[PDB]
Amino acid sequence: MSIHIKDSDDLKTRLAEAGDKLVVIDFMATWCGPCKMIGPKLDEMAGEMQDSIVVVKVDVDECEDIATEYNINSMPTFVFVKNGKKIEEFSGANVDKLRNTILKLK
């Protein structure tokens, strides 16, 4: 249902390959309680938006360098990218804001 990011180079490639589609970078972790609650909600939205959005998951334990690159200071963090450009960011397991950001940017 989602592309799991292997490393920094993998994320950079996914962003280039996305073309004009909105990329949602889901910064999550196995130990992140709120991530596990919002994650299935994001998958469901993505399922009904295969044509317009690409969701990529960054495990902060696996990709410590990416977490520093994106200045991850709260879990979860959602970073929105379009044509390699970072448009927006927000942190917290906020479903209403997640849906709104996706709808307005896709």
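One rule holds for the numbers: they count along the sequence shown, beginning at 1.
- The PDB entry records a higher mean C-alpha B factor for 58 to 66 than for its counterpart among 74 to 82 and 58 to 66.
- The stretch 49 to 57 shows the higher mean C-alpha B-factor when 49 to 57 is compared against 35 to 43 in the entry.
- In this PDB entry, residue 6 carries a Cα temperature factor that places it within the highest third of its chain's modelled residues.
- Among all modelled residues in this chain, the alpha-carbon of residue 96 has a temperature factor (C-alpha) in the lowest third.
- Per the deposited record, the Cα B-factor of residue 15 falls in the highest third when ranked against the other modelled residues of its chain.
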